[PDB]
Amino acid sequence: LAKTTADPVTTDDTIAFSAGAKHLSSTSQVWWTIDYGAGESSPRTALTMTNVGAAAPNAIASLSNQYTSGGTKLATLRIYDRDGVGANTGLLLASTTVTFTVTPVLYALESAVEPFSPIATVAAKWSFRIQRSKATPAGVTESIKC
Amino acid sequence: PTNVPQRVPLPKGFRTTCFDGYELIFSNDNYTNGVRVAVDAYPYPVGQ
Amino acid sequence: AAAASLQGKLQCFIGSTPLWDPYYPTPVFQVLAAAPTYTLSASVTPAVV
Amino acid sequence: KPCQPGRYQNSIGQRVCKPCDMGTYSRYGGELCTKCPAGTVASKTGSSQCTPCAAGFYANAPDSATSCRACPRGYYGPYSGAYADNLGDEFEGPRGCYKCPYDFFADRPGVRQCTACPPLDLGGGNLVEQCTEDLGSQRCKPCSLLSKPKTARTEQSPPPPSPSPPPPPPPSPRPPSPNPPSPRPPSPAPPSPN
């Protein structure tokens, strides 16, 4: 599996990776799972293995995911041999997990009070500027509750 | 500049680099610091 | 009552995830006190213009 | 065996590890030597670490630096990680050396506290303030000289310092004690008498 978008900035943009599964000979139906930082696929998808081991990348569904936070992803793709639907665990064959680091987005906060020195029994208004790192994703509105 | 090899097993005498003001010499004679004690001690010459 | 050293704490949430990590300390703001009076003194050169 | 830090290898099946380039560090192994990140300098071939040079000095070039040198006479460095951009005003940067303009001067690349000139004293009584003529000047000059109102240059405000690193996460729980084995088989039953 290889990442297509590249330069993964956590929640910014989209993280796309396209995999390719080869088997030497005697190619038949495989079950392929995709595992993100947490949670695996429930239906476990369904792979059709048509090419031969010479042709490495077979047509696997290009699944993309939008992670959260700056932690490493370690995107696992587990292939289960036997079925899976009938409450029977499949056999791990390749796995071949790849991990890619990301860059989280930090938030800045600046405060200013008025009046600038609090006199006893006098109301004060604290104004706060909130600054976002880099730029807001296109067509993505965020509502903050402070 | 002069290269420094990564960790090589050397028996006793052979020393990659000396410290703070000592000129490495490829001799058999027994040296402590830079002043010598014995001569023709080591069978094969080593880095003093 | 008017205090000399104020320390306010703010926490923000975009949805569920907070902006300020709990491991990191919450922002603290020192916004002065005692209501000081500012005196202004002038100096001019030259007098007539 | 992995190549010891200070060297690298970029070919499968090489008995010898090549020494890293000058101004570059290496960890245990590494296919290629990674250059010094940002405002630091290695200043030696096959060095295991790029040293982040102290405040009052700037790196020769960004990223790939040879030797950190002191800021010029009318300059100061407030931060350790001070590095010349090598493009634009020779030896200035966002975290690099600044001129400490007009009021302040250093005149001897020693510290980041550029001094606000000495106010000279004419005789015993008279006191006169000293201001420079060109942003950062070496020798101060008394005020009321050379067109003071000319001074129109941009005045920036420093960004806030980076926050503290997070504390290490808790270690992985130790494995539990092994469960007790199945009980021993019973003694064979006695044979039928006769």
# chains A, B, ... in the order shown; residues from 1 in each chain; ligands from 1
call {"tool": "residues_around", "arguments": {"residues": "residue B:1", "least_positions_apart": "2", "cutoff": "12 Å", "atoms": "only C-alpha atoms", "output": "PyMOL selection string"}}
result
(chain B and resi 3-4) or (chain D and resi 19-22+44-46)
call {"tool": "interface_residues", "arguments": {"of": "chain A", "to": "chain C", "cutoff": "9 Å", "atoms": "only C-alpha atoms", "output": "list in words"}}
result
residues 106, 107, 109, 110, 111, 112, 113, 115, 116, 117, 118, 119, 120, 121, 122, 142, 143, 144, 145 and 146 of chain A
call {"tool": "atom_distance", "arguments": {"atom1": "atom CA of residue A:35", "atom2": "atom CA of residue A:51"}}
result
24.1 Å
call {"tool": "interface_residues", "arguments": {"of": "chain D", "to": "chain A", "cutoff": "12 Å", "atoms": "only C-alpha atoms", "output": "number ranges by chain"}}
result
D: 159-163
call {"tool": "write_last_selection", "arguments": {"atoms": "N, CA, C and O atoms", "output": "compact mmCIF listing (two decimals), in the first residue's frame"}}
result
# COMPACT_ATOMS: atom_id res chain seq x y z
N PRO D 159 7.25 36.63 18.53
CA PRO D 159 6.22 35.62 18.76
C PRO D 159 6.37 35.00 20.14
O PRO D 159 7.45 35.10 20.75
N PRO D 160 5.32 34.37 20.67
CA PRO D 160 5.45 33.73 21.97
C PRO D 160 6.34 32.51 21.91
O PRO D 160 6.44 31.85 20.86
N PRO D 161 7.03 32.17 23.00
CA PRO D 161 7.92 31.01 22.98
C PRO D 161 7.16 29.70 22.89
O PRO D 161 6.02 29.58 23.35
N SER D 162 7.81 28.71 22.28
CA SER D 162 7.22 27.39 22.11
C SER D 162 6.89 26.77 23.47
O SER D 162 7.68 26.92 24.42
N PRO D 163 5.76 26.09 23.60
CA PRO D 163 5.39 25.51 24.90
C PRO D 163 6.25 24.29 25.25
O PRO D 163 6.96 23.73 24.41
call {"tool": "closest_atom_pairs", "arguments": {"of": "chain C", "to": "chain D", "cutoff": "10 Å", "atoms": "only C-alpha atoms", "output": "CSV"}}
result
residue,atom,partner,partner_atom,distance
C:21,CA,D:166,CA,9.7
C:23,CA,D:166,CA,6.7
C:24,CA,D:166,CA,6.8
C:25,CA,D:164,CA,9.1
call {"tool": "atom_distance", "arguments": {"atom1": "atom CA of residue D:53", "atom2": "atom CA of residue D:72"}}
result
15.8 Å
call {"tool": "closest_atom_pairs", "arguments": {"of": "stretch 108-134 of chain D", "to": "stretch 74-87 of chain D", "cutoff": "8 Å", "atoms": "only C-alpha atoms", "output": "tab-separated table"}}
result
residue	atom	partner	partner_atom	distance
D:108	CA	D:74	CA	7.8
D:109	CA	D:76	CA	6.5
D:110	CA	D:76	CA	7.8
D:111	CA	D:76	CA	6.6
D:112	CA	D:76	CA	4.8
D:113	CA	D:76	CA	7.3
D:114	CA	D:76	CA	6.6
call {"tool": "residues_around", "arguments": {"residues": "residue B:17", "least_positions_apart": "4", "cutoff": "12 Å", "atoms": "only C-alpha atoms", "output": "PyMOL selection string"}}
result
chain B and resi 2-7+13+21-26+46-48
call {"tool": "residues_around", "arguments": {"residues": "stretch 22-25 of chain A", "least_positions_apart": "3", "cutoff": "9 Å", "atoms": "only C-alpha atoms", "output": "list in words"}}
result
residues 49, 51, 52, 53, 54, 55, 56, 57 and 58 of chain A
call {"tool": "write_last_selection", "arguments": {"atoms": "N, CA, C and O atoms", "output": "PDB file, in the first residue's frame"}}
result
ATOM      1  N   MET A  49      -9.110 -11.759  -6.691  1.00  0.00           N
ATOM      2  CA  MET A  49      -7.709 -11.881  -7.071  1.00  0.00           C
ATOM      3  C   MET A  49      -7.659 -12.440  -8.487  1.00  0.00           C
ATOM      4  O   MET A  49      -7.866 -13.640  -8.696  1.00  0.00           O
ATOM      5  N   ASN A  51      -5.119 -11.110 -11.139  1.00  0.00           N
ATOM      6  CA  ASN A  51      -3.800 -11.091 -11.743  1.00  0.00           C
ATOM      7  C   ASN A  51      -2.938 -12.225 -11.190  1.00  0.00           C
ATOM      8  O   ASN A  51      -3.301 -12.922 -10.239  1.00  0.00           O
ATOM      9  N   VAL A  52      -1.774 -12.398 -11.811  1.00  0.00           N
ATOM     10  CA  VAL A  52      -0.806 -13.410 -11.408  1.00  0.00           C
ATOM     11  C   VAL A  52       0.275 -12.741 -10.571  1.00  0.00           C
ATOM     12  O   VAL A  52       0.341 -11.509 -10.496  1.00  0.00           O
ATOM     13  N   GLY A  53       1.122 -13.548  -9.929  1.00  0.00           N
ATOM     14  CA  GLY A  53       2.146 -12.994  -9.060  1.00  0.00           C
ATOM     15  C   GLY A  53       3.121 -12.081  -9.774  1.00  0.00           C
ATOM     16  O   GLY A  53       3.762 -11.239  -9.140  1.00  0.00           O
ATOM     17  N   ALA A  54       3.259 -12.237 -11.093  1.00  0.00           N
ATOM     18  CA  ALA A  54       4.083 -11.311 -11.864  1.00  0.00           C
ATOM     19  C   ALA A  54       3.553  -9.886 -11.751  1.00  0.00           C
ATOM     20  O   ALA A  54       4.312  -8.948 -11.480  1.00  0.00           O
ATOM     21  N   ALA A  55       2.250  -9.704 -11.954  1.00  0.00           N
ATOM     22  CA  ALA A  55       1.616  -8.400 -11.788  1.00  0.00           C
ATOM     23  C   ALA A  55       1.347  -8.176 -10.307  1.00  0.00           C
ATOM     24  O   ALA A  55       0.437  -8.782  -9.734  1.00  0.00           O
ATOM     25  N   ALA A  56       2.139  -7.300  -9.682  1.00  0.00           N
ATOM     26  CA  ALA A  56       2.010  -7.113  -8.237  1.00  0.00           C
ATOM     27  C   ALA A  56       0.732  -6.377  -7.850  1.00  0.00           C
ATOM     28  O   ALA A  56      -0.062  -6.935  -7.071  1.00  0.00           O
ATOM     29  N   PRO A  57       0.456  -5.152  -8.333  1.00  0.00           N
ATOM     30  CA  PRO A  57      -0.703  -4.409  -7.820  1.00  0.00           C
ATOM     31  C   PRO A  57      -1.997  -4.865  -8.475  1.00  0.00           C
ATOM     32  O   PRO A  57      -2.223  -4.645  -9.668  1.00  0.00           O
ATOM     33  N   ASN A  58      -2.849  -5.518  -7.692  1.00  0.00           N
ATOM     34  CA  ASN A  58      -4.179  -5.847  -8.173  1.00  0.00           C
ATOM     35  C   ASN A  58      -5.155  -4.725  -7.832  1.00  0.00           C
ATOM     36  O   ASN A  58      -4.850  -3.805  -7.069  1.00  0.00           O
TER      37      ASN A  58
END
